[PDB]
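Participant:
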Amino acid sequence: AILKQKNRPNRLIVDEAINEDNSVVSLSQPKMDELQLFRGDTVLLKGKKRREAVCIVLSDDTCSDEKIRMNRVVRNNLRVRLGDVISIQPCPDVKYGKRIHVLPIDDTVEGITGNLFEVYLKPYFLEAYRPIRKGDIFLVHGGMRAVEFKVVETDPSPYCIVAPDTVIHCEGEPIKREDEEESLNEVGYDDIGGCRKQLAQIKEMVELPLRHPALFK
Amino acid sequence: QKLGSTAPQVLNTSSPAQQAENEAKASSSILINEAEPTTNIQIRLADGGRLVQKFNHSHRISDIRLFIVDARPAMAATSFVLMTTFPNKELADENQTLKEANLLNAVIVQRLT
Amino acid sequence: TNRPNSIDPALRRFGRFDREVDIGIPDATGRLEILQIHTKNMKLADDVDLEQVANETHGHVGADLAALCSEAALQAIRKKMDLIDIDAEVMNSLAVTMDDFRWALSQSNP
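Protein chains in written order, with full-length UniProt numbering: chain A, 15 to 231; chain B, 258 to 370; chain C, 347 to 431, 437 to 461.
#1: Against chain C, with Cβ distances strictly below 7 Å, would A/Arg225 count as a contact?
#2: Within 10 Å of its beta-carbon, does B/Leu260 have 16 or more other beta-carbons around it, so buried, or fewer, so exposed?
#3: Which parts of the segment 308-347 of chain B are runs of the alpha helix (DSSP H), unbroken and 4 residues or longer, counting only runs that do not cross its ends?
#4: What span of residues does the beta strand (DSSP E) with B/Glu278 cover, start to end?
#5: Do C/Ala455 and C/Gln421 have their CB atoms nearer than 7 Å?
#6: When you compare the CB positions of A/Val71 and A/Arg25, do they come within less than 7 Å of one another, or not?
#7: Quick one, are the C-beta atoms of B/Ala331 and B/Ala283 less than 7 Å apart?
#8: Closer than 7 Å, Cβ to Cβ, to anything on chain B: give me those residues from the segment 29-56 of chain A, in chain order.
#9: So which residues on chain A does B/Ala264 lean against when the C-beta distance must stay under 8 Å?
#10: For chain A, is any of its Cβ atoms less than 7 Å away from the one on B/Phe343?
#11: Rounded to the nearest angstrom, how far is the Cβ of A/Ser37 from that of A/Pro172, given a contact under 8 Å?
#12: With 9 Å as the C-beta to C-beta threshold (strictly closer), list the residues of the segment 97-129 of chain A near chain B in chain order.
#13: Using only the alpha-carbon positions, how far apart do A/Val108 and A/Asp179 sit?
#14: Please tell me whether C/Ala374 and C/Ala446 are closer than 7 Å, where the distance is taken between their beta carbons.
#15: Cβ closer than 9 Å: which chain A residues qualify as neighbours of C/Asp431?
#16: Give a yes or no on whether 7 Å exceeds the smallest Cβ distance from A/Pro23 to chain C.
#17: Between A/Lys18 and chain C, is any beta-carbon pair separated by less than 7 Å?
#18: So what's B/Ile289 in DSSP terms, helix, strand or just coil?
#19: Put B/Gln353 into one of helix, strand or coil per three-state DSSP.
#20: When the Cα of A/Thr56 is compared with those of A/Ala142, A/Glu195, A/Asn21 and A/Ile27, which residue comes out closest?
#21: Determine the chain C residues that contact A/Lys231 at a beta-carbon separation under 8 Å, and present them in chain order.
#22: Quick one: does C/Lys425 have its CB under 7 Å from some CB of chain A?
#23: Using a Cβ-based criterion (distance less than 6 Å to any ligand heavy atom), does C/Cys415 qualify as near the ligand SAM?
#24: Mind listing, in chain order, the continuous alpha helix (DSSP H) runs of no fewer than 4 residues lying wholly within the segment 74-116 of chain A?
#25: Quick check on this structure: which residue in B/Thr342, B/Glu291, B/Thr335 and B/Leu302 has the alpha carbon closest to the alpha carbon of B/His314?
#26: Assuming residue 465 of chain C is part of the alpha helix (DSSP H), what are its boundary residues?
#27: So, does the CB of B/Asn362 fall closer than 7 Å to a CB anywhere in chain A?
#28: Give the secondary structure of A/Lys211 by DSSP, where H, G and I count as helix, E and B as strand, and everything else as coil.
#29: With a threshold of 16 other CB atoms inside 10 Å of the CB of C/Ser416, please say whether the residue is buried or exposed.
#30: From C/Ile353 to A/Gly207, what distance separates their C-alpha atoms?
#31: Run the CB neighbour count on C/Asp451, radius 10 Å, all protein chains shown included, and call it buried at 16 or more, exposed below.
#32: Below 8 Å CB to CB, which residues in the same chain sit around A/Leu153 once its five sequence neighbours on both sides are set aside?
#33: Under 7 Å, do A/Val94 and A/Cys69 count as touching if we go by C-beta distance?
#34: With A/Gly125 and A/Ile182 assumed to form a contact (beta carbons below 8 Å), what rounded beta-carbon distance in angstroms separates them?
#35: I'd like to confirm the pairing. Which residues does DSSP put opposite A/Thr56 in its beta bridges?
#36: Report the neighbours of A/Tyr143 on chain B: residues whose CB is nearer than 9 Å to its CB, in chain order.
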């Protein structure tokens, strides 16, 4: 046509839930039957700004039974907007944690440095199977306060699960709240109007380097 | 190796050529019924990230243990308590089936004692 | 060179650099020959004429014809859009139309 871009593909819809669980988010049971997903399995929900999220998707009807909705903390973790899109891929990420990885952020915490012996490490993170991810600024329970901790990376295949018996090892460094919404110039097509025709023209100019090197025939 | 209180894990004692043969034998020893709605149950093994999907509509948890024994011969002696993904419950009562225990397409997380 | 008089005249004496030839721009049948030898390794849709296209292009250089061929291929990519990844159904169905050549000639910069 005149401008055959800015098209949403057969992609799954993002909204906001009210669930208590952080690493467990709620996905639609008819969409669970459509995408052949399991009740307890964890997947990757592909948001924009080169950011994906690893969470266990249940069969909960607490969120929408048409739209896949998640937590407010995961919304800040995925750095997306309401009404965005996610791709579904069932590739597992079950590798256990290895070594010291976290960074203490001292807003509401118990045991400011912590360092591998904590109420939110040994009782809470164990027997949880949470997928700990690179850049996981989580707001979880444990240690009597709504703790907030950043993790730099995890070692094996950076999105990977925790162990129910091995305690996650901890770095010690007093850091503070970051500015992730505007730090790395994360804004994309959402925060630039400009000329959307010319934005589409730039996108058309960069189609062939983007995931299609063999589309030169 | 630090002297922790965690359980000592068991490595893959079966051969890589015997893994496919054991999986084929485990799929052969379990009947498939076409007159009932079949379900697939994922077992989160702790020996490297192995999960298998071959099940019928109704099976006991002891039948899942039979599927585990036919899947790996070295895991027949290890005692394990099966877990789920945050109802925070332990899957005891091996005589119970999947329909009574709400294990319909539900990932069972295997944790060795 | 792109300009004959921008070079130093001392290099254009009778001892050095005497013969002057200009490639110039091709003719309409010349531009048809350019299109024929440029679109050899590309699947036409068999309805294109390439001589109506050649007569529609007056004062066009051969690299501009390469640019028009590339924009026609990009129009065939855009109009027959597909999904994300190889998606080999689009590999065997490439087709550029004479109307697509007209559309590319509309947004052309000779």
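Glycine included, every Cβ here is placed at the ideal spot set by N, Cα and C.
Facilitator: By the coordinates alone:
#1: yes
#2: exposed
#3: 318-328
#4: Careful: B/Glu278 lies outside any beta strand (DSSP E), inside the alpha helix (DSSP H) at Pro273 to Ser285.
#5: yes
#6: no
#7: no
#8: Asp35, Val38, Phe52, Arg53, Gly54 and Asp55
#9: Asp179
#10: yes
#11: Wrong, their Cβ atoms sit about 15 Å apart, outside the cutoff.
#12: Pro106, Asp107, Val108, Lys109 and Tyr110
#13: 14 Å
#14: no
#15: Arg225 and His226
#16: yes
#17: yes
#18: coil
#19: coil
#20: A/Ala142
#21: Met442 and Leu445
#22: yes
#23: Ligands displayed in this structure: none; no statement on the ligand SAM is therefore possible.
#24: 86-92
#25: B/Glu291
#26: Outside the displayed range of chain C (347 to 461) lies residue 465 of chain C, so it cannot be described from this structure.
#27: yes
#28: helix
#29: exposed
#30: 47 Å
#31: buried
#32: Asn36, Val87, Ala160, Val161 and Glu162
#33: no
#34: The Cβ separation is near 14 Å, so there is no contact.
#35: A/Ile70
#36: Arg301, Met340, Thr342, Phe343 and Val366
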